[PDB]
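Notes follow once the structure below has been shown.
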Amino acid sequence: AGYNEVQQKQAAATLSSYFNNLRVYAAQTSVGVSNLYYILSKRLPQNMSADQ
Amino acid sequence: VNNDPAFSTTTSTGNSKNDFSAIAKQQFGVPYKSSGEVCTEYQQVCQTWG
């Protein structure tokens, strides 16, 4: 249907490049965001007794 | 037009070496004198086509 290996593989490489950069950035950002949510959630109410 | 590989209806999976050039798989030819030699000029009379 009018395609060649060269540009197909190049386009696939570019798309995977963007996706992998996005995933790496997401994980690295999630490190700090998890840090922040841990430092906040240390101070949130938690029901202890099994009876409301 | 059918000679042009760039206009090939099918996929370019055949012979990529036998093609005469990037614009035609088979050359259109050059006029030849009546001696089997290349007719690069007109004063050298050209009669055949080799």
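Residue names in the structure tokens use chain letters A, B, ... in the order shown, residue numbers from 1 in each chain, and ligand numbers from 1 in the order shown.
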Please provide the set of residues having any atom within 12 Å of segment 9-11 of chain B, restricted to only C-alpha atoms, with same-chain residues fewer than 6 positions apart removed, written as a ChimeraX atom specification.
-> /A:1-4 /B:1-3
Would you kindly return, as JSON, numbers by chain, each protein, DNA or RNA residue with an atom no farther than 12 Å from any atom of segment 28-43 of chain B, considering only C-alpha atoms and excluding same-chain residues fewer than 5 positions away?
-> {"B": [1, 3, 4, 20, 21, 23, 48, 49, 50]}
Give me every strand (DSSP E) residue in chain B, going by DSSP on the backbone, as a list in words.
-> residues 31, 32, 33, 46, 47, 48 and 49 of chain B
Any chance you can output those residues with N, CA and C atoms as an mmCIF file, in the first residue's frame?
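Written file, part_25.cif:
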data_model
loop_
_atom_site.group_PDB
_atom_site.id
_atom_site.type_symbol
_atom_site.label_atom_id
_atom_site.label_comp_id
_atom_site.auth_asym_id
_atom_site.auth_seq_id
_atom_site.Cartn_x
_atom_site.Cartn_y
_atom_site.Cartn_z
ATOM 1 N N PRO B 31 20.196 7.925 -30.957
ATOM 2 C CA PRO B 31 20.404 7.688 -32.389
ATOM 3 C C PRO B 31 21.843 7.295 -32.681
ATOM 4 N N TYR B 32 22.002 6.388 -33.638
ATOM 5 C CA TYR B 32 23.299 5.880 -34.046
ATOM 6 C C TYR B 32 23.507 6.140 -35.530
ATOM 7 N N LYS B 33 24.769 6.294 -35.920
ATOM 8 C CA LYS B 33 25.102 6.375 -37.330
ATOM 9 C C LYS B 33 24.833 5.029 -38.002
ATOM 10 N N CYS B 46 23.023 10.416 -38.679
ATOM 11 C CA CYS B 46 22.426 9.357 -37.879
ATOM 12 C C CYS B 46 21.292 8.718 -38.667
ATOM 13 N N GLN B 47 21.300 7.399 -38.742
ATOM 14 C CA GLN B 47 20.263 6.668 -39.461
ATOM 15 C C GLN B 47 19.597 5.598 -38.611
ATOM 16 N N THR B 48 20.351 4.918 -37.755
ATOM 17 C CA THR B 48 19.813 3.880 -36.894
ATOM 18 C C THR B 48 19.621 4.423 -35.481
ATOM 19 N N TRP B 49 19.285 3.524 -34.559
ATOM 20 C CA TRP B 49 18.926 3.894 -33.192
ATOM 21 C C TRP B 49 19.339 2.757 -32.271
#
Sel. of alpha helix (DSSP H) residues, chain A, as a ChimeraX atom specification = /A:5-41
